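In structure tokens, one chain follows: the form deposited in one PDB entry.
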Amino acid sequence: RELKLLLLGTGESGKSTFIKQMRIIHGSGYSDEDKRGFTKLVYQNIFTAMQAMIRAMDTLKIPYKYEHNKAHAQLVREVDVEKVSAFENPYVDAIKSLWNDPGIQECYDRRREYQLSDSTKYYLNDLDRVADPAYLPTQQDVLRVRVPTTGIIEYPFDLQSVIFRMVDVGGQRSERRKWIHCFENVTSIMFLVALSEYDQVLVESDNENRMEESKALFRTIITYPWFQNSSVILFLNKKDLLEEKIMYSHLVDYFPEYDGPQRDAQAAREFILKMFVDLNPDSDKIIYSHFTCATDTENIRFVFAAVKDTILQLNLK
């Protein structure tokens, strides 16, 4: 009855964000209790970002500008999110002072040297409103919250006239080996790759570029013999991150083969798309690609409007 889909990609790529977007558009919008729960999630995300960037500053031995905030920094090291609660007054001022500190700002601008959530800037801009006790996060705040998924999570859903069940899976290397069981009757595969992953290395490995791992995984998935009868769609996510990363980072250093002009977001996107589509072994196969940004509802709407039609045309029964 209902067709089975997979959302595949390396960790942090953005699969769960697309699941949230699909639920929001063609499902049930999140309720007040949902946002109340997500407030704590946002709180621990902010705490994790603060701790990670302080640890990065320490490892990189970058001096601080504010001596007083150093005390707060120590307090930051003492905060533990296992026995977590709502944000408290003594922490909001310290976080604001740290974020306003130019030294840690430069450290974050150098974020390529360590792992960090892409939502850090958004929450930092939010500042008091998010940290305000009267926290009423909007759909954007809920979408821009990071919660590492793990294990196979089937998400039943249906279109206006057809039923298409999705499957969200983890992207961490240790977890990918659990996918064996979700390939039983795949009707079409959606693959997510972070356009901005070209600069950051994996989390599980600090020496392998994320883009190389993503390309290897895409090749491995296409090489699967039993997917020959299933369509594949390559969602190029996080274009809004890449349009700034390229402006701030040169794609030549990551992949020198991209000899195109610098600062051209469209050129870099086209180069990445060509590089990924080249990995297919046999040209008779067709690969559909769509630039997108899971954090924007309109882009997901537009992409899905055609993805559903393509899937329906692919499977006539």
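When you see a residue number, it is the position in the sequence shown, counting from 1.
Just so it is clear, the following notes concern the form deposited with a partner chain bound, a form of the same protein that is not shown.
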Check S174 for me: does it contact its partner chain in the bound PDB entry (non-hydrogen atoms, 4.5 angstroms)?
yes
Any chance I180 has a heavy atom within 4.5 Å of its partner chain in the bound PDB entry?
yes
Heavy atom of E212 within 4.5 Å of its partner chain in the bound PDB entry:
yes
Contact flag, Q74 vs its partner chain in the bound PDB entry, heavy atom cut 4.5 Å
no
Does its partner chain come within 4.5 Å of a heavy atom in each of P148, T220 and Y224 in the bound PDB entry?
yes
Residue within 4.5 Å of its partner chain in the bound PDB entry by heavy atom, from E78, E184, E244, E106, is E184
Answer option from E113, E154, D240, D158, heavy atom within 4.5 Å of its partner chain in the bound PDB entry
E154
Candidate stretches 231 to 239, 165 to 173, 132 to 140, 118 to 126, one within 4.5 Å of its partner chain in the bound PDB entry by heavy atom:
165 to 173
